[PDB]
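What's in structure.cif: mmCIF, C-alpha atoms and all ligand atoms; chains and numbers go by the auth columns
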data_final
loop_
_atom_site.group_PDB
_atom_site.id
_atom_site.type_symbol
_atom_site.label_atom_id
_atom_site.label_comp_id
_atom_site.label_asym_id
_atom_site.label_seq_id
_atom_site.Cartn_x
_atom_site.Cartn_y
_atom_site.Cartn_z
_atom_site.B_iso_or_equiv
_atom_site.auth_seq_id
_atom_site.auth_asym_id
ATOM 1 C CA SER A 1 108.714 82.706 107.529 0.00 7 G
ATOM 2 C CA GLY A 2 107.167 85.963 108.768 0.00 8 G
ATOM 3 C CA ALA A 3 106.853 89.671 108.085 0.00 9 G
ATOM 4 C CA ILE A 4 106.321 93.067 109.783 0.00 10 G
ATOM 5 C CA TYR A 5 103.186 94.918 108.580 0.00 11 G
ATOM 6 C CA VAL A 6 103.526 98.660 109.368 0.00 12 G
ATOM 7 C CA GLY A 7 101.451 101.270 107.535 0.00 13 G
ATOM 8 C CA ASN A 8 101.372 100.286 103.849 0.00 14 G
ATOM 9 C CA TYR A 9 104.659 98.356 104.072 0.00 15 G
ATOM 10 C CA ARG A 10 105.530 94.629 104.339 0.00 16 G
ATOM 11 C CA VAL A 11 109.081 93.993 105.754 0.00 17 G
ATOM 12 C CA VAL A 12 110.467 90.530 105.000 0.00 18 G
ATOM 13 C CA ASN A 13 113.834 88.723 104.890 0.00 19 G
ATOM 14 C CA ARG A 14 115.228 89.547 101.379 0.00 20 G
ATOM 15 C CA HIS A 15 116.110 85.855 100.890 0.00 21 G
ATOM 16 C CA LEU A 16 112.408 84.880 101.377 0.00 22 G
ATOM 17 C CA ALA A 17 110.839 87.689 99.245 0.00 23 G
ATOM 18 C CA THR A 18 108.131 86.493 96.812 0.00 24 G
ATOM 19 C CA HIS A 19 107.599 87.550 93.151 0.00 25 G
ATOM 20 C CA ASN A 20 104.765 89.851 94.364 0.00 26 G
ATOM 21 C CA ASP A 21 107.251 91.483 96.813 0.00 27 G
ATOM 22 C CA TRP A 22 109.738 92.171 93.950 0.00 28 G
ATOM 23 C CA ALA A 23 106.900 93.435 91.677 0.00 29 G
ATOM 24 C CA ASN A 24 105.836 95.973 94.416 0.00 30 G
ATOM 25 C CA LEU A 25 109.322 96.816 95.685 0.00 31 G
ATOM 26 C CA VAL A 26 109.962 99.825 97.915 0.00 32 G
ATOM 27 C CA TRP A 27 113.544 99.107 99.143 0.00 33 G
ATOM 28 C CA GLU A 28 115.967 96.192 99.499 0.00 34 G
ATOM 29 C CA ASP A 29 119.457 95.695 100.932 0.00 35 G
ATOM 30 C CA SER A 30 121.260 92.367 100.535 0.00 36 G
ATOM 31 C CA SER A 31 123.936 93.315 103.132 0.00 37 G
ATOM 32 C CA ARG A 32 121.131 93.573 105.790 0.00 38 G
ATOM 33 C CA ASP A 33 118.942 90.641 104.457 0.00 39 G
ATOM 34 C CA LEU A 34 115.959 93.045 104.249 0.00 40 G
ATOM 35 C CA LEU A 35 113.329 93.795 101.600 0.00 41 G
ATOM 36 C CA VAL A 36 110.274 96.053 101.910 0.00 42 G
ATOM 37 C CA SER A 37 107.248 95.902 99.560 0.00 43 G
ATOM 38 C CA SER A 38 104.038 98.015 99.377 0.00 44 G
ATOM 39 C CA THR A 39 100.637 96.689 100.550 0.00 45 G
ATOM 40 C CA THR A 40 97.035 97.557 99.757 0.00 46 G
ATOM 41 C CA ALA A 41 95.789 97.033 103.378 0.00 47 G
ATOM 42 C CA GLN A 42 97.167 98.960 106.407 0.00 48 G
ATOM 43 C CA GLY A 43 99.203 96.981 108.948 0.00 49 G
ATOM 44 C CA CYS A 44 98.984 96.946 112.779 0.00 50 G
ATOM 45 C CA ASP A 45 102.611 96.622 113.811 0.00 51 G
ATOM 46 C CA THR A 46 104.434 99.661 115.282 0.00 52 G
ATOM 47 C CA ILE A 47 108.233 100.050 114.987 0.00 53 G
ATOM 48 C CA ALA A 48 110.291 100.573 118.145 0.00 54 G
ATOM 49 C CA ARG A 49 112.392 103.777 118.188 0.00 55 G
ATOM 50 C CA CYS A 50 114.686 103.080 121.159 0.00 56 G
ATOM 51 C CA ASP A 51 118.001 101.533 122.301 0.00 57 G
ATOM 52 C CA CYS A 52 116.596 98.422 124.085 0.00 58 G
ATOM 53 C CA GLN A 53 118.949 95.407 124.300 0.00 59 G
ATOM 54 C CA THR A 54 116.296 93.095 125.891 0.00 60 G
ATOM 55 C CA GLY A 55 113.099 91.882 124.292 0.00 61 G
ATOM 56 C CA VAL A 56 111.114 88.829 123.182 0.00 62 G
ATOM 57 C CA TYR A 57 111.232 86.948 119.851 0.00 63 G
ATOM 58 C CA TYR A 58 108.941 84.417 118.155 0.00 64 G
ATOM 59 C CA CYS A 59 110.494 81.029 117.386 0.00 65 G
ATOM 60 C CA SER A 60 108.304 79.067 114.867 0.00 66 G
ATOM 61 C CA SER A 61 110.326 75.843 115.379 0.00 67 G
ATOM 62 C CA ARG A 62 109.087 75.820 119.048 0.00 68 G
ATOM 63 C CA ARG A 63 105.691 77.723 118.720 0.00 69 G
ATOM 64 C CA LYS A 64 107.053 79.903 121.531 0.00 70 G
ATOM 65 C CA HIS A 65 108.030 83.461 122.334 0.00 71 G
ATOM 66 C CA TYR A 66 111.351 83.699 124.260 0.00 72 G
ATOM 67 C CA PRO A 67 112.815 86.576 126.274 0.00 73 G
ATOM 68 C CA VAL A 68 116.338 87.445 125.131 0.00 74 G
ATOM 69 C CA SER A 69 119.225 89.848 125.681 0.00 75 G
ATOM 70 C CA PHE A 70 120.697 90.925 122.315 0.00 76 G
ATOM 71 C CA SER A 71 123.784 92.769 121.105 0.00 77 G
ATOM 72 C CA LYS A 72 123.755 96.235 119.457 0.00 78 G
ATOM 73 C CA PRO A 73 123.311 96.285 115.650 0.00 79 G
ATOM 74 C CA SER A 74 126.697 95.585 114.085 0.00 80 G
ATOM 75 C CA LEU A 75 128.656 93.973 111.223 0.00 81 G
ATOM 76 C CA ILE A 76 128.776 90.197 111.860 0.00 82 G
ATOM 77 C CA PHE A 77 130.296 87.291 109.917 0.00 83 G
ATOM 78 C CA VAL A 78 127.624 84.768 108.775 0.00 84 G
ATOM 79 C CA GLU A 79 128.479 81.296 107.390 0.00 85 G
ATOM 80 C CA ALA A 80 127.594 80.280 103.791 0.00 86 G
ATOM 81 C CA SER A 81 124.021 79.132 103.297 0.00 87 G
ATOM 82 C CA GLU A 82 121.893 78.209 100.202 0.00 88 G
ATOM 83 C CA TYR A 83 120.886 81.969 100.139 0.00 89 G
ATOM 84 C CA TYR A 84 124.163 83.884 100.594 0.00 90 G
ATOM 85 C CA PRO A 85 127.900 83.030 100.490 0.00 91 G
ATOM 86 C CA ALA A 86 129.927 83.427 103.756 0.00 92 G
ATOM 87 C CA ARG A 87 129.939 87.199 104.320 0.00 93 G
ATOM 88 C CA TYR A 88 129.576 90.074 106.771 0.00 94 G
ATOM 89 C CA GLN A 89 125.928 91.034 107.392 0.00 95 G
ATOM 90 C CA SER A 90 125.304 94.587 108.624 0.00 96 G
ATOM 91 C CA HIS A 91 122.791 95.901 111.240 0.00 97 G
ATOM 92 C CA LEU A 92 122.659 92.377 112.812 0.00 98 G
ATOM 93 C CA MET A 93 122.076 91.720 116.567 0.00 99 G
ATOM 94 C CA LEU A 94 122.953 88.378 118.171 0.00 100 G
ATOM 95 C CA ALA A 95 121.392 86.571 121.104 0.00 101 G
ATOM 96 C CA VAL A 96 121.488 83.135 122.734 0.00 102 G
ATOM 97 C CA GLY A 97 118.375 81.266 121.661 0.00 103 G
ATOM 98 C CA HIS A 98 116.997 78.485 119.550 0.00 104 G
ATOM 99 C CA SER A 99 116.762 79.010 115.830 0.00 105 G
ATOM 100 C CA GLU A 100 116.541 76.654 112.839 0.00 106 G
ATOM 101 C CA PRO A 101 116.088 76.987 109.086 0.00 107 G
ATOM 102 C CA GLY A 102 112.433 78.103 108.819 0.00 108 G
ATOM 103 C CA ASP A 103 112.548 80.541 111.790 0.00 109 G
ATOM 104 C CA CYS A 104 113.526 83.578 109.671 0.00 110 G
ATOM 105 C CA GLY A 105 110.860 86.259 109.783 0.00 111 G
ATOM 106 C CA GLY A 106 109.867 85.843 113.433 0.00 112 G
ATOM 107 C CA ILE A 107 109.472 89.202 115.182 0.00 113 G
ATOM 108 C CA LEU A 108 111.769 90.472 117.945 0.00 114 G
ATOM 109 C CA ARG A 109 109.959 93.174 120.024 0.00 115 G
ATOM 110 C CA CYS A 110 110.421 95.284 123.117 0.00 116 G
ATOM 111 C CA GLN A 111 108.030 97.535 125.192 0.00 117 G
ATOM 112 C CA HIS A 112 108.256 100.194 122.402 0.00 118 G
ATOM 113 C CA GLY A 113 107.297 97.989 119.456 0.00 119 G
ATOM 114 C CA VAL A 114 108.928 95.821 116.758 0.00 120 G
ATOM 115 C CA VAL A 115 112.745 95.827 116.890 0.00 121 G
ATOM 116 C CA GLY A 116 113.544 93.473 113.987 0.00 122 G
ATOM 117 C CA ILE A 117 113.128 89.986 112.516 0.00 123 G
ATOM 118 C CA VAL A 118 115.009 86.671 112.758 0.00 124 G
ATOM 119 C CA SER A 119 117.624 86.527 109.942 0.00 125 G
ATOM 120 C CA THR A 120 120.457 84.144 111.079 0.00 126 G
ATOM 121 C CA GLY A 121 121.124 81.361 113.659 0.00 127 G
ATOM 122 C CA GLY A 122 122.978 78.256 114.665 0.00 128 G
ATOM 123 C CA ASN A 123 124.208 76.260 117.683 0.00 129 G
ATOM 124 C CA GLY A 124 122.101 77.989 120.299 0.00 130 G
ATOM 125 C CA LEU A 125 122.363 81.443 118.653 0.00 131 G
ATOM 126 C CA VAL A 126 119.778 83.566 116.857 0.00 132 G
ATOM 127 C CA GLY A 127 120.510 86.785 114.862 0.00 133 G
ATOM 128 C CA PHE A 128 118.013 89.583 114.164 0.00 134 G
ATOM 129 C CA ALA A 129 118.022 92.149 111.371 0.00 135 G
ATOM 130 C CA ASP A 130 117.408 95.503 113.085 0.00 136 G
ATOM 131 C CA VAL A 131 114.780 97.866 111.599 0.00 137 G
ATOM 132 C CA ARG A 132 114.771 100.681 114.278 0.00 138 G
ATOM 133 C CA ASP A 133 116.955 102.980 112.111 0.00 139 G
ATOM 134 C CA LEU A 134 114.472 102.818 109.125 0.00 140 G
ATOM 135 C CA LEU A 135 112.558 105.951 110.100 0.00 141 G
ATOM 136 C CA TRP A 136 110.713 106.129 106.758 0.00 142 G
ATOM 137 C CA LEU A 137 108.667 103.018 107.750 0.00 143 G
ATOM 138 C CA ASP A 138 106.549 105.390 109.986 0.00 144 G
ATOM 139 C CA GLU A 139 105.306 107.575 107.076 0.00 145 G
ATOM 140 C CA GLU A 140 104.434 108.031 103.310 0.00 146 G
HETATM 141 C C1 LIG B . 117.364 81.450 111.688 0.00 201 L
HETATM 142 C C2 LIG B . 117.904 80.224 111.025 0.00 201 L
HETATM 143 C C3 LIG B . 117.545 80.150 109.582 0.00 201 L
HETATM 144 O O1 LIG B . 119.350 80.200 111.111 0.00 201 L
HETATM 145 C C4 LIG B . 120.008 78.995 111.191 0.00 201 L
HETATM 146 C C5 LIG B . 119.866 78.097 112.233 0.00 201 L
HETATM 147 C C6 LIG B . 120.670 76.967 112.272 0.00 201 L
HETATM 148 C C7 LIG B . 121.610 76.739 111.281 0.00 201 L
HETATM 149 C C8 LIG B . 121.754 77.633 110.230 0.00 201 L
HETATM 150 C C9 LIG B . 120.934 78.759 110.164 0.00 201 L
HETATM 151 N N1 LIG B . 120.874 79.595 109.020 0.00 201 L
HETATM 152 C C10 LIG B . 121.304 80.884 108.881 0.00 201 L
HETATM 153 O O2 LIG B . 121.870 81.491 109.774 0.00 201 L
HETATM 154 N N2 LIG B . 121.134 81.441 107.653 0.00 201 L
HETATM 155 C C11 LIG B . 120.481 80.770 106.514 0.00 201 L
HETATM 156 C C12 LIG B . 119.511 81.714 105.818 0.00 201 L
HETATM 157 C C13 LIG B . 120.208 83.026 105.447 0.00 201 L
HETATM 158 C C14 LIG B . 120.854 83.672 106.688 0.00 201 L
HETATM 159 C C15 LIG B . 121.508 85.004 106.368 0.00 201 L
HETATM 160 N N3 LIG B . 120.836 86.084 106.752 0.00 201 L
HETATM 161 O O3 LIG B . 122.609 85.057 105.803 0.00 201 L
HETATM 162 C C16 LIG B . 121.843 82.673 107.291 0.00 201 L
HETATM 163 ZN ZN ZN B . 112.478 99.451 123.187 0.00 202 L
#

Output the file's structure in the form of structure tokens.
Ligand SMILES: CC(C)Oc1ccccc1NC(=O)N1CCC[C@H](C(N)=O)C1
Ligand SMILES: [Zn+2]
Amino acid sequence: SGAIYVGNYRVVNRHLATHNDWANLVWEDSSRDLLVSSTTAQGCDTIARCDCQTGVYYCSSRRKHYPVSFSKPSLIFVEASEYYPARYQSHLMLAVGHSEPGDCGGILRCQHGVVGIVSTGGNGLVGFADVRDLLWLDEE
């Protein structure tokens, strides 16, 4: 589990969104596994606006932050899970790293800020849903 709190927005994995998230919905996209809801309190996270391909992510199944090299956001095939059938997920970046069911939501960050959140994994891989192209998170 995990979320990004930027301004008056909460960014979470769409497959882990709560009823309160759906009842205060700002934007959602199943193809990216992202959902954004509105919040009453202001958040402290800042979004990265860069082209970094190295950063650090939080892995809840190890209570550790790991440095990783990750691919550019692209369309990747993801195996069937209890949340989605086997399909192509867009704006996904892959890296070599530990991930397990429960690790979704952990933040990936670079020197410029938050890059994205854990969304996929398996066999020594971890995939992150990019959020750097969502410019509207920085305003309104
Ligand atoms: C990060 C962890 C949950 O990943 C795994 C780690 C080890 C084995 C499987 C997964 N599961 C996985 O890749 N998911 C399940 C949840 C929905 C994801 C999606 N965005 O389509 C796909
Ligand atoms: Zn950066």

| On this structure, which residues satisfy the PyMOL selection byres (((not hetatm)) within 10 of (chain L and resi 201)), written as a ChimeraX atom specification? | /G:7,19-22,36-40,65-67,83-96,98,104-112,123-135

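Taking only C-alpha atoms and all ligand atoms into account, the protein and nucleic acid residues that come at most 6 Å from ligand ZN 202 (chain L) are residues 54, 56, 57, 58, 116, 117 and 118 of chain G.
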
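If only C-alpha atoms are the atoms counted, then among G:55, G:25, G:97, G:16 the closest residue to residue 120 (chain G) is G:55.
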
| message | Report as an MDAnalysis selection string all protein, DNA and RNA residues lying within 10 Å of residue 23 (chain G), evaluated on all atoms listed in the file, omitting residues in the same chain fewer than 4 positions from it. | response | chainID G and resid 7 9 17:19 27:28 31 34 40:43

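In this comparison, which uses all atoms listed in the file, the residue of G:140, G:32, G:12, G:114 approaching residue 73 (chain G) most closely is G:114.
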
| query | With distances taken over all atoms listed in the file, which of G:50, G:143, G:101, G:10 is nearest to residue 75 (chain G)? | reply | G:101

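Using all atoms listed in the file for every distance, the candidate list G:47, G:102, G:29, G:81 yields G:81 as the residue closest to residue 136 (chain G).
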